[PDB]
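Peer 1: First the structure, then my questions, so here it is.
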Amino acid sequence: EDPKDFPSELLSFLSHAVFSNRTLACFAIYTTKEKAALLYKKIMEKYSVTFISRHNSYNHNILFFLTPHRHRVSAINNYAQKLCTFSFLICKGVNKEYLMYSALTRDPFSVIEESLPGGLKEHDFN
Amino acid sequence: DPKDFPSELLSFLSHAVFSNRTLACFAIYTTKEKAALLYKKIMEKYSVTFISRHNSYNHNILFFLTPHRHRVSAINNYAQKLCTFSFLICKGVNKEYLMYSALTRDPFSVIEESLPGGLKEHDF
DNA sequence: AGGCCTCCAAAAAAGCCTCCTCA
DNA sequence: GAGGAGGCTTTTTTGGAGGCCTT
């Protein structure tokens with residue numbers, strides 16, 4: 001009954017790279033209200049994030065963030081998963097950033113917490 | 001806020017919306033703030049042969065010709081890209097001369113150009 | 001484990017050109 | 001002669017694979 005993956009619509013903004021060592025600097029997490037909440041702060045500090053924001057999604061929270069330096073998805077997932085014994089948690093690289101972020105702000109998805117107000121819509125992390 | 005480049009001007013701009021026609025003389029609407037900016041950076045991107053700002057209802061239009069010719073679209077990207085605080089309109093110009101003309105005269109005013117005294121007719 | 005990288009495939013964007021329809 | 005639609009080709013921007021290096 002817990003999500004096996006990200007919600008239907010978001011899926012195409014995301015990376016599917018199964019056989020690949022490319023690293024990147026934008027990521028998303030699907031998890032529980034509380035994990036998100038925690039991670040919000042944890043990741044911010046762990047990865048010196050250049051932006052981050054938390055969102056409503058099917059009575060679940062999604063985390064979305066940009067990093068000053070690149071990382072394997074594997075690596076972010078590894079950091080995330082250790083905070084997490086039973087609660088579900090899915091972590092993926094984002095390909096279409098502005099497109100992802102913007103969709104998490106237009107519903108079903110609404111914002112909750114967020115680093116800069118406005119988000120990508122208001123700053124170019126260029 | 002304006003929908004488009006003011007009523008009077010339209011007859012000289014392309015309002016084409018399905019064309020791959022490239023061409024080589026263009027325009028832009030913006031707040032003063034977000035306007036003088038491009039006046040420079042366009043030069044060094046697009047290698048321009050002329051350029052001219054204007055006062056346009058306490059706002060700021062922009063005019064220019066290029067050596068090689070371009071998709072309106074492509075320009076409008078290089079512009080939109082650098083600035084999407086505020087706003088920024090942009091079309092290509094079918095009637096080069098007749099544009100510059102009503103721009104440099106009333107109800108408008110030149111605020112700067114790259115050619116001292118700028119372009120007469122001849123030059124087209 | 002978790003960063004580095006080039007390489008191409010293939011899509012997206014940004015050119016060239018003729019046209020057809022206005023006049 | 002315009003000015004646009006759009007067929008077609010050229011150039012640039014992607015992101016998955018996969019091959020390296022450091023501890």
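By convention in this document, the chains of the structure tokens carry letters A, B, ... by their order, each chain's residues are numbered from 1, and ligands are numbered from 1 in the order they are shown.
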Could you give me, as a ChimeraX atom specification, each residue of chain A that DSSP assigns to strand (DSSP E) when run on this structure's backbone?
Peer 2: /A:24-31,51-56,61-71,89-93,111-114
Peer 1: Give me a file of those residues, with C-alpha atoms, as a short mmCIF file (atom, residue, chain, number, x, y, z; two decimals), in the first residue's frame.
Peer 2:
```
data_model
loop_
_atom_site.label_atom_id
_atom_site.label_comp_id
_atom_site.auth_asym_id
_atom_site.auth_seq_id
_atom_site.Cartn_x
_atom_site.Cartn_y
_atom_site.Cartn_z
CA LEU A 24 24.31 15.12 -10.82
CA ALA A 25 23.27 18.04 -8.60
CA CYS A 26 19.46 17.84 -8.36
CA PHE A 27 17.50 15.16 -6.61
CA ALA A 28 14.12 14.02 -5.27
CA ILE A 29 12.89 11.96 -2.38
CA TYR A 30 9.46 10.39 -1.74
CA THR A 31 8.92 9.37 1.85
CA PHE A 51 18.13 24.96 -2.39
CA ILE A 52 15.56 22.61 -0.95
CA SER A 53 11.84 22.41 -0.41
CA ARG A 54 9.29 19.89 0.95
CA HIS A 55 5.84 19.09 -0.61
CA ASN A 56 2.43 17.44 -0.14
CA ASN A 61 5.95 14.30 1.43
CA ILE A 62 8.39 14.79 -1.49
CA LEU A 63 11.78 16.41 -1.02
CA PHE A 64 13.40 18.32 -3.85
CA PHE A 65 16.85 19.86 -3.85
CA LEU A 66 19.93 21.27 -5.64
CA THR A 67 23.52 20.72 -4.66
CA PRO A 68 26.61 22.94 -4.93
CA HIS A 69 28.57 19.88 -5.98
CA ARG A 70 27.51 16.73 -7.86
CA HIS A 71 26.65 13.27 -6.44
CA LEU A 89 11.73 6.10 0.93
CA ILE A 90 12.45 6.50 -2.75
CA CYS A 91 15.23 8.67 -3.99
CA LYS A 92 15.99 9.74 -7.56
CA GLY A 93 17.85 12.20 -9.75
CA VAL A 111 4.47 23.24 -1.08
CA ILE A 112 5.17 22.98 2.68
CA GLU A 113 8.68 24.07 3.69
CA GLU A 114 11.07 25.71 1.19
#
```
Peer 1: Could you give me, as a ChimeraX atom specification, the residues within 10 Å of segment 20-22 of chain D, counting only C-alpha atoms (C1' of nucleotides) and dropping anything in the same chain fewer than 2 positions from it?
Peer 2: /C:3-5 /D:18
Peer 1: Can you tell me, as a VMD selection string, what residues are no more than 12 Å from residue 12 of chain D when counting only C-alpha atoms (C1' of nucleotides), ignoring any on the same chain fewer than 5 positions away?
Peer 2: chain C and resid 11 to 15
Peer 1: Where does chain A meet chain D within 7 Å, residue by residue, with the nearest atom pair and distance in Å to one decimal for each, counting only C-alpha atoms (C1' of nucleotides), listed by chain and rising number, as a tab-separated table?
Peer 2:
```
residue	atom	partner	partner_atom	distance
A:17	CA	D:16	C1'	5.9
A:19	CA	D:17	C1'	6.3
A:20	CA	D:17	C1'	5.5
```
Peer 1: Given a cut-off of 12 Å, which residues of chain B touch chain A, counting only C-alpha atoms, written out as a list in words?
Peer 2: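 On the chain B side, the interface is residues 80, 81, 82, 83, 84, 85 and 86 of chain B.
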Peer 1: Taking only C-alpha atoms (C1' of nucleotides) into account, find every residue of chain B that has an atom no more than 12 Å from chain D, and write it out as a ChimeraX atom specification.
Peer 2: /B:11-23,92-95
Peer 1: Output as a compact mmCIF listing (two decimals) with C-alpha atoms, in the first residue's frame the set of chain B residues within 8 Å of chain C, with distances taken over only C-alpha atoms (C1' of nucleotides).
Peer 2:
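Below is the file that was written, out.txt:
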```txt
# COMPACT_ATOMS: atom_id res chain seq x y z
CA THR B 22 14.84 33.44 -40.09
CA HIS B 70 18.06 34.39 -37.04
CA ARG B 71 15.00 32.72 -35.81
CA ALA B 74 16.18 31.84 -30.86
```
Peer 1: Go ahead and compute the interatomic distance for atom CA of residue 7 of chain B and atom CA of residue 29 of chain B, in Å to one decimal.
Peer 2: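 So the two atoms, atom CA of residue 7 of chain B and atom CA of residue 29 of chain B, lie 13.2 Å apart.
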Peer 1: In terms of the shortest atom-to-atom distance over only C-alpha atoms (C1' of nucleotides), which of A:116, A:75, A:84, A:100 is closest to chain C?
Peer 2: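 Among A:116, A:75, A:84, A:100, it is A:75 that comes nearest to chain C.
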Peer 1: With a distance cut-off of 12 Å and only C-alpha atoms (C1' of nucleotides), select the neighbouring residues of residue 117 of chain B, excluding the residue or stretch itself and same-chain residues fewer than 3 positions from it, and output the selection as a list in words.
Peer 2: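 Listing them by chain and then by number gives residues 50, 51, 52, 104, 110, 111, 112, 113, 114 and 120 of chain B.
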Peer 1: Could you list, as an NGL selection string, the residues of chain A having an atom within 10 Å of chain C when counting only C-alpha atoms (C1' of nucleotides)?
Peer 2: :A and (21-23 or 70-75 or 78)
Peer 1: Just write the chosen residues, N, CA and C atoms, as a PDB file, in the first residue's frame.
Peer 2:
```pdb
ATOM      1  N   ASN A  21      27.194   5.841 -14.322  1.00  0.00           N
ATOM      2  CA  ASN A  21      27.910   6.482 -13.236  1.00  0.00           C
ATOM      3  C   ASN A  21      27.913   8.000 -13.349  1.00  0.00           C
ATOM      4  N   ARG A  22      27.075   8.557 -14.211  1.00  0.00           N
ATOM      5  CA  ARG A  22      26.984  10.017 -14.300  1.00  0.00           C
ATOM      6  C   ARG A  22      26.602  10.536 -12.932  1.00  0.00           C
ATOM      7  N   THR A  23      27.198  11.634 -12.485  1.00  0.00           N
ATOM      8  CA  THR A  23      26.730  12.207 -11.218  1.00  0.00           C
ATOM      9  C   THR A  23      25.904  13.438 -11.541  1.00  0.00           C
ATOM     10  N   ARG A  70      28.248  17.889  -7.314  1.00  0.00           N
ATOM     11  CA  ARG A  70      27.511  16.728  -7.859  1.00  0.00           C
ATOM     12  C   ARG A  70      27.517  15.469  -6.955  1.00  0.00           C
ATOM     13  N   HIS A  71      26.650  14.503  -7.222  1.00  0.00           N
ATOM     14  CA  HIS A  71      26.653  13.269  -6.442  1.00  0.00           C
ATOM     15  C   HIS A  71      26.010  12.212  -7.248  1.00  0.00           C
ATOM     16  N   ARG A  72      26.417  10.974  -6.956  1.00  0.00           N
ATOM     17  CA  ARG A  72      25.737   9.818  -7.499  1.00  0.00           C
ATOM     18  C   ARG A  72      24.401   9.765  -6.791  1.00  0.00           C
ATOM     19  N   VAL A  73      23.371   9.302  -7.503  1.00  0.00           N
ATOM     20  CA  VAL A  73      22.072   9.116  -6.874  1.00  0.00           C
ATOM     21  C   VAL A  73      22.257   8.100  -5.761  1.00  0.00           C
ATOM     22  N   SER A  74      22.935   7.012  -6.097  1.00  0.00           N
ATOM     23  CA  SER A  74      23.338   5.996  -5.135  1.00  0.00           C
ATOM     24  C   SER A  74      23.747   6.618  -3.787  1.00  0.00           C
ATOM     25  N   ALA A  75      24.622   7.619  -3.857  1.00  0.00           N
ATOM     26  CA  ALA A  75      25.171   8.216  -2.676  1.00  0.00           C
ATOM     27  C   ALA A  75      24.099   8.962  -1.819  1.00  0.00           C
ATOM     28  N   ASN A  78      21.974   6.493  -0.339  1.00  0.00           N
ATOM     29  CA  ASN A  78      22.604   5.852   0.787  1.00  0.00           C
ATOM     30  C   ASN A  78      22.532   6.678   2.043  1.00  0.00           C
TER      31      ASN A  78
END
```
Peer 1: Do you have the atom CA of residue 109 of chain A-atom CA of residue 18 of chain A distance handy?
Peer 2: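 Atom-to-atom, atom CA of residue 109 of chain A to atom CA of residue 18 of chain A, that is 27.0 Å.
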Peer 1: Apply DSSP to the structure's backbone, then extract all residues of chain A labelled helix (DSSP H, G or I) and return them as a ChimeraX atom specification.
Peer 2: /A:10-13,33-46,73-81,97-105,119-121
